[PDB]
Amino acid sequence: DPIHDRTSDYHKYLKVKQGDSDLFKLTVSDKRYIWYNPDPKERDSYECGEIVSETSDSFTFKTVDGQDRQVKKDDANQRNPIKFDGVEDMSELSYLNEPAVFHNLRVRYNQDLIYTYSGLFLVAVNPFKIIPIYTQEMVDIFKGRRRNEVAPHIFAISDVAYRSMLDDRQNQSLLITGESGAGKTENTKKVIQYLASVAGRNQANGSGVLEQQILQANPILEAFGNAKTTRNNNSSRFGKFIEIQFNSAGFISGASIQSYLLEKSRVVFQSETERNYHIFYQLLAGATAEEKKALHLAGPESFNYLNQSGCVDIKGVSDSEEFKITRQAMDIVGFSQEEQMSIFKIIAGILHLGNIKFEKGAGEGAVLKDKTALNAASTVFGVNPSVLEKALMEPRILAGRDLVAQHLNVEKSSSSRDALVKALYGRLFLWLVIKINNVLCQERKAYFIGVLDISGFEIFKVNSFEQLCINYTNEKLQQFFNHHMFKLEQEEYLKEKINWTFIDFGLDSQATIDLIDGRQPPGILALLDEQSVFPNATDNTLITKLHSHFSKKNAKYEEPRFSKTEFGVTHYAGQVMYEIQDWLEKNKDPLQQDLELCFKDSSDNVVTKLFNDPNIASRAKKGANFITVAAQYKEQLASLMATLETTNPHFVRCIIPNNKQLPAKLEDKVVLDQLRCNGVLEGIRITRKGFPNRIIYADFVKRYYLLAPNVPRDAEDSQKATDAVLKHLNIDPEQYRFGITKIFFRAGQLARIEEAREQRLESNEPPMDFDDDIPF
């Protein structure tokens, strides 16, 4: 058995490597150690010192040099006995403290053990290198194994969710948290791969295509939805909830992707060193010379949308090659060759739109002296160029009921062009998702495991509305963790009156959430909205308004003294300063109807669908106005979260090792920040101090049969029959607890002590068979 064979890749790649005779000498030492800060200023840089003496309330210890230092036992971070180094579940540590927990993660990390359990949930420290642990061989190992049986792995957390779906007939979710680049998306992929493989169909082998189409749906989105940021070379610029769908039997019956909050602005702007969406570079570098001809393509550096960041390629990525992967993913999903070429027309069209140069005419309004870019765009889109031109520079609006032709300046014309671009891109992306969803979902699900892959927390020199939305989302995901680990958990203990004294885990980012999406009193999004449909409002009246509501009034809010255009929100993962510029327009998300008119007329079957389909091109009307982006997204998010509350959540906490995207460099301050703000220690603490597993009194007749005074699945009393099978082995009384309608087990008694009763090789047929058919 590979898991027991020290030779296996399993053992080689997933297990702590065997310590040597020298390590054994140290492991049996009677010496004790403490984690301390050599520099009290740098509280996240720790050294190990030896405890040399102790008083009633103090330890004295040697620093890395020979100096002696004293500390209150109350304030001491004791080092766990080294036998614990590498331990797979940190709820097992004797001492649960920051340097201890970080140290354990460090030991596992140093030998490419990136997964470690922390009580109920999984921690995943990004390796930033490939590790051979996701082969079909690895899947196989994990198929069906109990969490305690196999090493920590994304596959194991996935299998558990799967088993729990089947055993409880309840929908599950894999919530994968992390700041940008921490590993959310790679782990999402593994979750799907694994589920796809473990619950996929062979059936004589000619129908498994559904599962290949599920797998293939993600490389498509990734090419249109991902881009290099300063924080991640493959940053997800949209969030996604993936439903993997199962039939009654337990097999995969389909999948459905809900996408969130595509970063439309990236298409027309990217900050230094960053990249537009992969698709633009893939196209340009991977098109046939004849496609380059039909689309009037040329190099990255020929396009304003691709040539401002100073970066057109990503180290170790071939765009020409990724392009082949995308095309193949589009084939496998079912995108017809016309559909695909339309898609690249739209991509090519966007690039040309970007090259349109507006200039000042005689008057104040703009003029288009060189129509090269305009014509190439219209050609590719199949729209009338002089109609598009007039729609760009001279859109018509109502003025009362009068029809008036605008003459936009250079600045307004450029912006409107950008708006057309972002609408184009955003609708295309939404279409791609719609197309995929329709291919994958062809069976009424019986159950699902939802996999959440959002854009992770991020901070840049300049943070705009997109970031506020991203970090608010991450803020809510974390509160969801807070809620299930601590709030719901204890509230239960209270209900069941199991004599639990409430603990405040000091983790609640509700105030921050409220500050953002609060209705009454109104939060940022509400004021943004109010201001968005106030006809005279500016970015400036907006920040003034925000300042007036929250400055020195909201503890999570800050009006900076160094700027008039920025406001600070204190998030769980840190304070973020947000630049107000353009918020109103971003929230209104306006597009001249003359542009829409111009494109509804496109001769292209895909472009026309982007503009004529009400489920793609239509906008919800919030009374007299269109629904704002803020309101719409608050609404999508609440819905997601409402769906999540109905599932049984499993948490994977991804952790970025550093900010350099380097393997083998675990930066303690970086990791500890995440460990703190994730509430990792608090999550371990609740699982240790508490009673995770609790079954109703009635159904307690479940794994427990005559392993004590004769008592089969029957009994007339419920609170009596309970204490029965337990006392036989005399299993510790304070190691469990009797509540109103349930029986709780401290830190998993079903596994800890229950290893003779259940999980045995005897106790079934061996203790019955001594005198079968031979008793005289």
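Heads up: residue numbers just count along the shown sequence, starting at 1.
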Higher avg CA temperature factor (713 to 721 vs 23 to 31, as deposited) belongs to 713 to 721
Per the PDB entry, mean CA B-factor is higher for 572 to 580 or 388 to 396, namely for 388 to 396
Residue set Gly518, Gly250, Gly450, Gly683, per-entry CA B-factor max assigned to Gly250
From the entry's CA B-factor values, the highest among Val209, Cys469, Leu662, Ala100 is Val209
On the chain's distribution of Cα B-factors, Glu272 falls within the third called middle
The third of the chain into which the C-alpha temperature factor of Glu301 falls is the middle
For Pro219, the third of its chain by CA B-factor is the middle
Of the three thirds of the chain ranked by Cα temperature factor, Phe480 occupies the lowest
The third of the chain into which the C-alpha temperature factor of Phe486 falls is the middle
